[PDB]
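S.K.: One structure follows; several queries about it will come next.
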Amino acid sequence: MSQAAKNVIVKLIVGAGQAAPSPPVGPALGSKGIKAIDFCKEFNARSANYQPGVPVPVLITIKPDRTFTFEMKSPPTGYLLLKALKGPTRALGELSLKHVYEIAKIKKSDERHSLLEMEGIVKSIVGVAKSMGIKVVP
Amino acid sequence: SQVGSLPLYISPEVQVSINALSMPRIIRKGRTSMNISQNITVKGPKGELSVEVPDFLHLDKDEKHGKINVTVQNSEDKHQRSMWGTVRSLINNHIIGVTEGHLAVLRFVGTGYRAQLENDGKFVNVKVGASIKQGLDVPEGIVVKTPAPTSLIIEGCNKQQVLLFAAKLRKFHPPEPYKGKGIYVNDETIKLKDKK
Amino acid sequence: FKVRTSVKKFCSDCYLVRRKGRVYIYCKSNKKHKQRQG
Amino acid sequence: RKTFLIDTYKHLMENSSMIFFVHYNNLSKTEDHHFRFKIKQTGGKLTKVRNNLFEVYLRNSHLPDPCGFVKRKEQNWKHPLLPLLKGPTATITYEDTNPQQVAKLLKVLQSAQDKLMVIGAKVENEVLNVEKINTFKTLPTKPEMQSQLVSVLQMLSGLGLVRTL
RNA sequence: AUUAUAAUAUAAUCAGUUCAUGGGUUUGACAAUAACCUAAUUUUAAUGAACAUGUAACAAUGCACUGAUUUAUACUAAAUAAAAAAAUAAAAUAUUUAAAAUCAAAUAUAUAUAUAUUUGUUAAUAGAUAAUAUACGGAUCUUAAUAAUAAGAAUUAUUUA
């Protein structure tokens, strides 16, 4: 009878991080039926560093109960290029393939995108350049 | 064709016989005709019931593995082919009824919407928003029972008859869209409109 | 019922039926799609 | 070649649940024995699978078993992924897909996962995607039942009929 | 024609993607705008190595078909099947409704088969509709073994005696 059912994952418009209750995102976990406070202890162990509370897509995955596996991803996909640079794709700031590969290393450094090949991440990097006002130099 | 080709499984308790009618009748179309000669019967534990059937159709009873098949004299004849798929399906339904029994749950939905067995099972009184009393007599073969007032069950050997009766019962008040409210036969659904 | 000469099926849930020497188009989803050929 | 050996390939894609399928080349003999042990738990033996006739076996579904007379070249190509394996494959006589059964097999597989080469998800009872196999892994079949053939099966006699009054 | 002997049945509907822009609101569908691309597990860091043929990256197999929704979520969702004595023939998506062309049949010339001419390619229903009275002129006509000496269009198409 028991089988892979469905629950919830909190993020809505991709959220941020840095470990905190989060207004009304924490309460949104309440709408989902789970709190968001002591998770920040472990979440802080998963959310800090030089980056100023980077908005790494809040992967607030929830189990069929309060108990839940909360995670995130690589530094905001687009932000990577946006930070590096402060027609072709969206033109504007152009990121050399070398810098693109360097950003691919950063993305692949994160365990979430570690599975993603740096070459595939480079293609995804062109996608962020296509969306945000950025450009990828061949 | 694809339906009629599917062989029917039988358990030892049930017997699918066939034999000619006492007075065969002929259905006359515009150009084509159809002579009802044979009369299939499905006798079993819960009851027994029969199907009057054309001459071109005939069974093929096998001793091994409890299978029986059904075939027509000309599958390329359209009318015969159409009949073949029907008859097989009918006798399958009969088999199911005699061994297991057909069922039809009616759930009543509404304030003061409920059924009642008035004449010791022989008349299903139905109260569904009417000054006049409503209801209808149960046919022969059909047995009705009411676990709850708002949840009636119809039961019988003939799949045709039971589900017809259920439909008749429903017809007093089919489900309204605005409030899911009325009489729902088996897994019946209705897309509820926004209130506004 | 929209009684008309032209009787096309609108959505995927529409289905055509031939009864009483008339083409009916009933529909399982949208009840507005009920049509009849004359 | 096909013949009886393709019938063993059919044994891999039979009913029930839980399958293995791994490259024969670079397969740890100790791990291979453990894989055989895993199939021996449910009863069976490892069966070697080679290409050319494997693609032919995959080409014909629910058809008379092909034999030496049947030729890979004589059969049409169309589907280019017909040969799922890229070389010799050693797979125990496992069944279909079951997380409970594969769990123990995975433990042995993980120990030398680098040495062996797993076979990508190939549409069986349901469409299986190698690229989406990650989702298939996260969302596998319901392993609530462990009896499979014995008991349950068709003798489970589940009288659900009416459950809501 | 193309795809065919490989579809309803069958889950999953995913990897850029949440397409980008504007945008209180918009992740499918807010309108505008854009429309193809990565992903192939058994395993990972802030100032450098195409990207490799691994027996194969590739695969539109979707810019959620399309609603849904405050926008999303939910949610259907292109991916597509089980099931083939095989094609010879009963799949879909269409275009088509033709003997011009091609093909077959025939005439005509030289005639051991050379040219030219001629002939051969859709059906039913609905649409249907006024006024003394139905009005194919009327009757009425579509056939059924069993079964008569015995019926079987009396309509349309092409023909015979």
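How things are named: the first chain in the structure tokens is A, the next is B, and so on; residues count from 1 in each chain; ligands count from 1 in the order shown.
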As a ChimeraX atom specification, please: the residues near residue 5 (chain B) (cut-off 8 Å, only C-alpha atoms (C1' of nucleotides), same-chain neighbours under 2 positions excluded).
M.R.: /B:1-3,7,69-71,85
S.K.: What residues in chain A get the DSSP label strand (DSSP E)? Please answer as a PyMOL selection string.
M.R.: chain A and resi 8-10+59-62+70-71+93-95+134-136
S.K.: When you look at residue 55 (chain E) with a cut-off of 10 Å (counting only C-alpha atoms (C1' of nucleotides)), what residues show up, excluding the ones that are within fewer than 3 positions of it in the same chain? I need them as a compact mmCIF listing (two decimals) with N, CA and C atoms, in the first residue's frame.
M.R.:
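around_28.txt, written as the output of this step:
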# COMPACT_ATOMS: atom_id res chain seq x y z
N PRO D 83 21.15 -1.69 -29.49
CA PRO D 83 22.10 -2.34 -28.59
C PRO D 83 22.32 -1.48 -27.33
N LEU D 85 23.74 -2.24 -24.50
CA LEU D 85 25.14 -2.41 -24.01
C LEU D 85 26.11 -1.91 -25.08
N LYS D 86 27.33 -1.54 -24.68
CA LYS D 86 28.36 -1.10 -25.67
C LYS D 86 29.39 -2.23 -25.82
N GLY D 87 29.17 -3.35 -25.14
CA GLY D 87 30.09 -4.50 -25.23
C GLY D 87 29.53 -5.72 -24.51
S.K.: List the neighbours of region 2-8 of chain C out to 6 Å using only C-alpha atoms (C1' of nucleotides); skip same-chain residues closer than 2 positions along the sequence, and give me the result as a list in words.
M.R.: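 Once the adjacent positions are removed, what remains is residues 35, 36, 37 and 38 of chain C; 127 of chain E.
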S.K.: Please run DSSP on the backbone and report, as an NGL selection string, all residues within chain A that come out as helix (DSSP H, G or I).
M.R.: :A and (25-32 or 39-45 or 77-84 or 97-109 or 111-114 or 118-131)
S.K.: Counting only C-alpha atoms (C1' of nucleotides), what are the residues of chain E within 12 Å of chain A, and for each of them which pair of atoms is the nearest and at what distance in Å, to one decimal? Sort the table by chain and rising number, as a Markdown table.
M.R.:
| residue | atom | partner | partner_atom | distance |
| --- | --- | --- | --- | --- |
| E:15 | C1' | A:116 | CA | 10.2 |
| E:16 | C1' | A:124 | CA | 5.9 |
| E:17 | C1' | A:127 | CA | 9.7 |
| E:18 | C1' | A:13 | CA | 8.1 |
| E:19 | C1' | A:131 | CA | 7.8 |
| E:20 | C1' | A:131 | CA | 4.6 |
| E:21 | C1' | A:131 | CA | 9.2 |
| E:26 | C1' | A:13 | CA | 11.3 |
| E:27 | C1' | A:13 | CA | 7.6 |
| E:34 | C1' | A:131 | CA | 11.0 |
| E:36 | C1' | A:127 | CA | 11.4 |
| E:37 | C1' | A:123 | CA | 8.2 |
| E:38 | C1' | A:120 | CA | 6.2 |
| E:39 | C1' | A:120 | CA | 7.3 |
| E:40 | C1' | A:116 | CA | 10.9 |
| E:41 | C1' | A:115 | CA | 7.4 |
| E:42 | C1' | A:115 | CA | 10.1 |
| E:43 | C1' | A:115 | CA | 8.0 |
| E:44 | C1' | A:111 | CA | 4.1 |
| E:45 | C1' | A:109 | CA | 4.7 |
| E:46 | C1' | A:106 | CA | 7.0 |
| E:47 | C1' | A:102 | CA | 9.2 |
| E:48 | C1' | A:98 | CA | 6.2 |
| E:49 | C1' | A:98 | CA | 8.2 |
| E:50 | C1' | A:119 | CA | 10.5 |
| E:51 | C1' | A:119 | CA | 7.1 |
| E:52 | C1' | A:119 | CA | 11.2 |
| E:57 | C1' | A:120 | CA | 10.5 |
| E:71 | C1' | A:13 | CA | 10.4 |
| E:72 | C1' | A:12 | CA | 7.6 |
| E:73 | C1' | A:12 | CA | 8.9 |
| E:74 | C1' | A:8 | CA | 11.4 |
S.K.: Hey, list the chain E side of the contact with chain B: 9 Å cut-off, only C-alpha atoms (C1' of nucleotides), answer as a ChimeraX atom specification.
M.R.: /E:142-144
S.K.: Can I get the selection written as a PDB file, in the first residue's frame, with C-alpha atoms (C1' of nucleotides)?
M.R.:
ATOM      1  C1'   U E 142     -35.820  -2.038 -51.521  1.00  0.00           C
ATOM      2  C1'   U E 143     -37.400  -9.602 -50.144  1.00  0.00           C
ATOM      3  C1'   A E 144     -36.845 -13.758 -46.314  1.00  0.00           C
TER       4        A E 144
END
S.K.: Chain D residues within 12 Å of chain B, counting only C-alpha atoms: which ones, as a list in words?
M.R.: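 Here they are: residues 159, 161, 162, 163, 164 and 165 of chain D.
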S.K.: So how many Å separate CA of residue 15 (chain C) and CA of residue 87 (chain B), to one decimal?
M.R.: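 Interatomic distance, CA of residue 15 (chain C) to CA of residue 87 (chain B): 25.1 Å.
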S.K.: Give me, as a list in words, the residues of chain D touching chain E, with the criterion being at most 7 Å (counting only C-alpha atoms (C1' of nucleotides)).
M.R.: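 Contact residues on the first chain: residues 86, 110, 113, 126, 130 and 131 of chain D.
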S.K.: Go ahead and save the residues from that selection, with C-alpha atoms, as a tab-separated table (two decimals), in the first residue's frame.
M.R.:
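Wrote result.tsv, looks like this:
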chain	number	residue	atom	x	y	z
D	86	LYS	CA	28.36	-1.10	-25.67
D	110	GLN	CA	28.53	0.58	-5.34
D	113	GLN	CA	30.66	0.83	-9.40
D	126	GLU	CA	6.82	1.41	-18.50
D	130	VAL	CA	18.57	6.83	-18.92
D	131	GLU	CA	18.88	10.67	-18.82
S.K.: Taking only C-alpha atoms into account, which residues of chain C are within 12 Å of chain B, as a VMD selection string?
M.R.: chain C and resid 28 to 31
S.K.: Distance CA of residue 142 (chain D)-CA of residue 17 (chain D), one decimal place?
M.R.: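 Atom-to-atom, CA of residue 142 (chain D) and CA of residue 17 (chain D) are spaced 10.4 Å apart.
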S.K.: If the cut-off is 12 Å, can you tell me the residues of chain A near chain D, counting only C-alpha atoms? I'd like them as a ChimeraX atom specification.
M.R.: /A:1-6,115
S.K.: Which one is closest to chain E: C:23, C:14, C:9, C:33? Count only C-alpha atoms (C1' of nucleotides).
M.R.: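 With only C-alpha atoms (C1' of nucleotides) as the atom set, the closest residue is C:23.
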S.K.: Go through E:111, E:2, E:76, E:155 one by one, measure the shortest atom-to-atom distance of each to residue 141 (chain E) using only C-alpha atoms (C1' of nucleotides), and give the residue with the smallest value.
M.R.: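 Of the candidates, the smallest distance to residue 141 (chain E) is held by E:155.
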S.K.: List the spatial neighbours of region 99-105 of chain D as a VMD selection string - criterion: any atom at most 12 Å away, only C-alpha atoms (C1' of nucleotides), same-chain residues fewer than 4 positions off excluded.
M.R.: (chain A and resid 3 to 4) or (chain D and resid 16 to 22 31 to 42 91 to 92 94 to 95 109 to 113 118 136 to 148)
S.K.: Could you name the residues that touch residue 93 (chain A) at 8 Å or less, counting only C-alpha atoms (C1' of nucleotides), but leaving out those on the same chain fewer than 6 positions away, as a VMD selection string?
M.R.: chain A and resid 85 133 to 135
S.K.: Any chance you can output those residues with N, CA, C and O atoms as a PDB file, in the first residue's frame?
M.R.:
ATOM      1  N   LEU A  85      30.914  40.074 -13.761  1.00  0.00           N
ATOM      2  CA  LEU A  85      30.957  41.260 -14.658  1.00  0.00           C
ATOM      3  C   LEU A  85      30.371  42.481 -13.940  1.00  0.00           C
ATOM      4  O   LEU A  85      30.226  43.529 -14.599  1.00  0.00           O
ATOM      5  N   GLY A 133      21.102  40.460 -18.243  1.00  0.00           N
ATOM      6  CA  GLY A 133      21.842  41.324 -19.186  1.00  0.00           C
ATOM      7  C   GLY A 133      23.319  40.979 -19.202  1.00  0.00           C
ATOM      8  O   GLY A 133      24.121  41.812 -18.740  1.00  0.00           O
ATOM      9  N   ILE A 134      23.671  39.795 -19.717  1.00  0.00           N
ATOM     10  CA  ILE A 134      25.091  39.335 -19.716  1.00  0.00           C
ATOM     11  C   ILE A 134      25.430  38.783 -21.104  1.00  0.00           C
ATOM     12  O   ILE A 134      24.501  38.640 -21.922  1.00  0.00           O
ATOM     13  N   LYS A 135      26.708  38.501 -21.363  1.00  0.00           N
ATOM     14  CA  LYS A 135      27.120  37.901 -22.661  1.00  0.00           C
ATOM     15  C   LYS A 135      28.226  36.873 -22.401  1.00  0.00           C
ATOM     16  O   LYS A 135      29.036  37.101 -21.484  1.00  0.00           O
TER      17      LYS A 135
END
S.K.: Just the residues within 7 Å of region 117-134 of chain B, please, counting only C-alpha atoms (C1' of nucleotides), with nothing from its chain fewer than 4 positions along; format it as a count of residues only.
M.R.: 4
